[PDB]
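Colleague: Provide a 3D model corresponding to the input given below.
(chains A, B, C, D, E, F, G and H, ligands or ions: 2)
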Amino acid sequence: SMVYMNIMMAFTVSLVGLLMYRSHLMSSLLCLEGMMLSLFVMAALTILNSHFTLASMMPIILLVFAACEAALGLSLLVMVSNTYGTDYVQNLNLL
Amino acid sequence: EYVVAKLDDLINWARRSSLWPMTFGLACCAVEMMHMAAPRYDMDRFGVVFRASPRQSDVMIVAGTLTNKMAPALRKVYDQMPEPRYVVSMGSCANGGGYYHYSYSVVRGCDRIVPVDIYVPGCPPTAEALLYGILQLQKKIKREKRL
Amino acid sequence: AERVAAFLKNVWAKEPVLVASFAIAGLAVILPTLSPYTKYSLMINXXXXXXXXXXXXXXXXXXXXXXXXXXXXXXXXXXX
Amino acid sequence: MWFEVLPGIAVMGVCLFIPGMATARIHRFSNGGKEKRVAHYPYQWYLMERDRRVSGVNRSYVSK
Amino acid sequence: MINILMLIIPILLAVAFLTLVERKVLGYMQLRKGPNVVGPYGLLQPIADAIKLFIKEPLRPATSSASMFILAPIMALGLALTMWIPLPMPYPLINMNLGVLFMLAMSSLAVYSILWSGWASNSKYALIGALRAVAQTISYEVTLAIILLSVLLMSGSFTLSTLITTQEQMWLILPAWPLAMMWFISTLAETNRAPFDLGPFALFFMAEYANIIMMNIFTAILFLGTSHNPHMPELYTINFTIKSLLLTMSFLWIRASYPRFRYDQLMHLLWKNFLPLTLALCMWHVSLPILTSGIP
Amino acid sequence: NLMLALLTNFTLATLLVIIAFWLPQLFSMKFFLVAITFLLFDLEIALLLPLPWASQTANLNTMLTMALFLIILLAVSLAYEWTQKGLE
Amino acid sequence: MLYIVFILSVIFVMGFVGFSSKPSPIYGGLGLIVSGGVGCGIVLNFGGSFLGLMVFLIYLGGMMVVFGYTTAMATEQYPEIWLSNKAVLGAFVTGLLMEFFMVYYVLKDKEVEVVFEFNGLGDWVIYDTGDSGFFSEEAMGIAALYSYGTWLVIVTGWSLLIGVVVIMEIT
Amino acid sequence: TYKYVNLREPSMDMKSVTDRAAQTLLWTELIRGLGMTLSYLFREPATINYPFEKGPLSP
Ligand SMILES: NC(=O)c1ccc[n+]([C@@H]2O[C@H](COP(=O)([O-])OP(=O)(O)OC[C@H]3O[C@@H](n4cnc5c(N)ncnc54)[C@H](OP(=O)(O)O)[C@@H]3O)[C@@H](O)[C@H]2O)c1
Ligand code: SF4
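Modeller: Numbers count the residues shown, from 1 in each chain, chains lettered A, B, ... in the order given. Ligands and ions are numbered 1, 2, ... in the order given. Below you will find the coordinate block:
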């Protein structure tokens, strides 16, 4: 309506951030946190303004699962720095 | 005019209150330096704190004998020290090589490495005489930065 | 005993804190089922209203009266 | 002895004594009756709003 | 709104005047005399340390990376001072909707203070020891959340004001007997230098010793209380300070009496041994309001 | 105000830095496994956080079996930490 | 003075620009503290006592703190200035100008948008909530319960068992 | 001469095992170690301030 107009624009910036890569790999996982942060604001406001009571638990569950991908995918980042020197999107062997 | 002269003494009183020395265990002198901690003769929290640390300390006590191996080692400690720094050469070895002196390895004077402000002459520098070194340091701080 | 008496004193000797991790947490499951006191706590949780009570239209009803103190409905008065 | 330690404790019985008393004694000057109301949930928040409406104008908490 | 300044200035003095207590009470433990020359009983020394380090002592940075190193003490002092706001006391300054959730949040963000200091130094020599210091704080915050919940599940909501009212006749030390023992150890992990130890460097002292008083007060709310008395604020103010001071003595007791536990065996006391114990008591504290009626 | 209370602490904290700054003029991957387990346990804590504030209106018998269930699996995750964690 | 949430939403986007741009994981990591901490105010203003502080506990005091380790574990390269680098400054200036141009259109109420929805003003209508509930108030006032959603508790516990087992097996 | 430092299993069965486990489960001996410094705090310290008092010597 008015508040939603800015956070949807904030969502598109975080979306492009996932799709953009220059040397570093760490930015993607930082953008995954930001994407879930922008989704957290959008989910909360819809339930808070238009009352639900039962459905207000759903973003709390969403908060937990946001960290699950941002830890188990984050663990794979360290494994790249064990095989290679430092984490790079430029450094890949697969064809 | 009057406030300028009195405020200078207040900054000098801050160092007269507390002085943090470096705990150099490079001597038999260092065991007498541990007698400063021993309750019978204490400057502990009278001024001296045994926390030391290479950077936070204001005073560094060069305890006794220094070799040519420790000559570059003690010099880099002095550079890490803050600008208000006072160096006490506690012990006859620190003053100019009490023993040894004419030896190949021992550095003579300590001032060839690090400049000294207060000299303590004693081999086993008795804790009674060691109490002078800190009290004289507090007395020597009189006037700093006139203009 | 081969596992009851044998694997008890060894557990108290080697890694003694692990005895408490199974005993306290284990009894935490057993106690709320067998002891007759848990049924009382459930009743007071339901009796305490969160929102305002709704009024129903009276057309042949039993155990329902006015808002004034009278013998009607359940109304909890368990233990003082 | 303790006569050296106790002045170190007595100075802590003044400085840590301030935040407790300063928060309590301020309610005499700010409010009428030495009390600040706690919000928690909208039930108690609405009672604060209607009290100002019941002839108080600027005051939030006022008797009658 | 003047009371905020009446909760920073006397608090900064309390961290300053700790220097007397931290080596005189510690002094008599070690049979040595602490402060004596500087003041009548050394009362002039705590303020003398401030004139020494702030004004005259200059800076020599390793690299100074633009924003950092001159940002880490702001996070150190800022988070330590903001912890005073949600505190219940006789009366709290701007009481939060939920109390203890704000307390655990600002302590978990206080981990950054030792993180940014490790990034300030360019050398690899310092950061390995810096991450080890993070591990001392990060691990104990897992259990700190668990032992908090077990006290809350017994009585009261997250609000800190309700925790005073529930302790009317008897203290919470007696029902939470093994849990009270945990808060003596778990609080010492946050840079207290008793079970394990690692200009702007002087500002870290003003922040680290501030958390020591903070954990002493927070233990005296969760476990101590004695009386409330809303009509008499005089009786509560004196009685609260004595209870907090006795816990401050126990914090300096561990620093003098007991050696370091090793970093590896710090992860054998916790995780291996404490985490199975705390959760078993947490399992017990779930059943307690169900077995017998105990709901706020 | 919460905004006025928070900003006053930070602005006084910044001022203390300038005092010291302006006035005077003349490797090992074993640490990673500890850090990850912190995150995975705290999320189970996040699910077990509502307990004292949640159990007020809901039925106790339906909750009792589910409340303990999360703590049991939180111990099973620690049981996997006993089958060779490492030298740490 | 008039707006409360709208000012915080601008600072939210301001911190997010260092993600489409590439200012290294050190300065890029700093963005999540700025955008996160201000982002709590957007959540808190409409309500939610528990859910508003969960960002401070998990996203800020858990998520990014683990990310603090990985920056030192992999790709540290001694932190550098994010202004001297090519195309990084170009991505940053274009990132802000996509949002700051829309800020100028907020004045005189109506603003041009790519989406079909209009923005208008919405200052008093920004919250769009009445008093309604009083005792045990707010939908987020009792946000989480183990009852009703019994199935959700089992799978979340199952997924967190996977994480501990899997990551241990990789290394 | 021989003195022996090794205790050679202080715990045997039931009664001797539990008290050796109690000190490791909680603390006890740490609280007993706390009491050593506790009484040490009360007794008067032997301290000499140099500008006024003087230490012992010899002829
Ligand atoms: N690279 C260059 O800048 C350059 C180039 C070409 C030639 N030079 C020549 O090389 C010399 C460089 O010397 P400098 O500038 O390095 O010296 P400086 O740092 O100024 O040191 C001179 C010291 O003498 C003291 N002093 C001098 N005059 C004084 C007075 N009237 N009253 C009280 N104290 C006084 C000052 O003490 P207080 O501070 O306590 O008063 C000061 O510490 C110059 O003389 C210049 O002719 C230099
Ligand atoms: S002066 Fe005497 S006591 Fe000191 S180091 Fe030399 S030999 Fe040893």
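Colleague: any idea how far the residue in the stretch 1-150 of chain E that chain G sits nearest to is from residue D:12?
Modeller: Chain G sits closest to residue E:108 of the stretch 1-150 of chain E, with a gap of 3.3 Å, by Cβ to the nearest Cβ. No exception for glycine: its C-beta is placed from N, CA and C like everyone else's. Between residue E:108 and residue D:12 the distance is 28 Å, computed by Cβ to Cβ, to the nearest Å.
Colleague: how many residues are close by the residue of the stretch 1-150 of chain E closest to chain G?
Modeller: 23 (other Cβ atoms under 10 Å in any protein chain shown).
Colleague: excluding chain neighbours, what is closest to it?
Modeller: residue G:61 (3.3 Å; Cβ to Cβ, 6 or more residues apart in numbering or on different chains).
Colleague: helix, strand, or coil at the one you found?
Modeller: helix (DSSP: H, G, I helix; E, B strand; the rest coil).
Colleague: that one and residue E:115 touch, don't they?
Modeller: No - contact criterion Cβ atoms under 8 Å: residue G:61 and residue E:115 do not qualify, at 11.4 Å.
Colleague: residues from chain G in reach of chain D?
Modeller: Those residues of chain G that sit near chain D, judged by Cβ under 8 Å from any Cβ of the partner chain, are G:131-138, G:141.
Colleague: those residues, buried ones only, as a ChimeraX selection?
Modeller: Burial among those is assessed by 16 or more other Cβ atoms under 10 Å in any protein chain shown; the matching ChimeraX selection reads:
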select /G:133,136,137,138,141
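Colleague: show me the contacts for the residue nearest to residue E:108.
Modeller: E:105, E:108-109, E:111 (Cβ atoms under 8 Å, 6 or more residues apart in numbering or on different chains).
Colleague: just residue F:47 next, same as before
Modeller: Taking Cβ under 8 Å, 6+ apart, one finds A:64, F:70, G:153, G:156-157 in contact with residue F:47.
Colleague: so how far is residue G:144 from it?
Modeller: 8 Å.
Colleague: mind listing the helices for chain A?
Modeller: A:4-19, A:26-49, A:58-72, A:74-83 (DSSP state H).
Colleague: turn those into a markdown table, including mean neighbour count.
Modeller: Shown next, in a markdown table, are the helices of chain A (neighbours: other Cβ atoms under 10 Å in any protein chain shown):
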| stretch | mean neighbour count |
| --- | --- |
| helix A:4-19 | 19 |
| helix A:26-49 | 22 |
| helix A:58-72 | 20 |
| helix A:74-83 | 17 |
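Colleague: what is the lengthiest helix in chain C packed up against?
Modeller: In chain C, taking DSSP H as the definition, the longest helix is helix C:18-34. If contacts are counted by 3 or more Cβ pairs under 8 Å, 6 or more residues apart in numbering or on different chains; DSSP states H and E, helix C:18-34 sits against helix C:6-13, helix E:274-291, helix F:60-79, helix H:15-25.
Colleague: just say which of those helices is most tucked in.
Modeller: Counting by mean count of other Cβ atoms under 10 Å in any protein chain shown, helix E:274-291 has the highest mean neighbour count of these, with a mean of 21.
Colleague: pull the CA atoms of stretch F:31-46 into CSV?
Modeller: Extracted in CSV, the C-alpha atoms of stretch F:31-46 (Å, rounded to 0.1, in the frame of the first residue of the first chain):
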residue,chain,number,x,y,z
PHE,F,31,37.5,-24.3,15.2
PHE,F,32,34.8,-24.3,12.5
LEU,F,33,33.0,-27.4,13.8
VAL,F,34,32.4,-25.7,17.2
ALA,F,35,31.0,-22.6,15.5
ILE,F,36,28.5,-24.5,13.4
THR,F,37,27.2,-26.5,16.3
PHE,F,38,26.5,-23.2,18.2
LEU,F,39,24.1,-22.2,15.3
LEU,F,40,22.4,-25.5,15.1
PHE,F,41,21.7,-25.8,18.8
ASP,F,42,20.5,-22.1,19.2
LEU,F,43,17.8,-22.8,16.5
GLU,F,44,16.5,-25.7,18.8
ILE,F,45,16.7,-23.1,21.6
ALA,F,46,14.7,-20.8,19.4
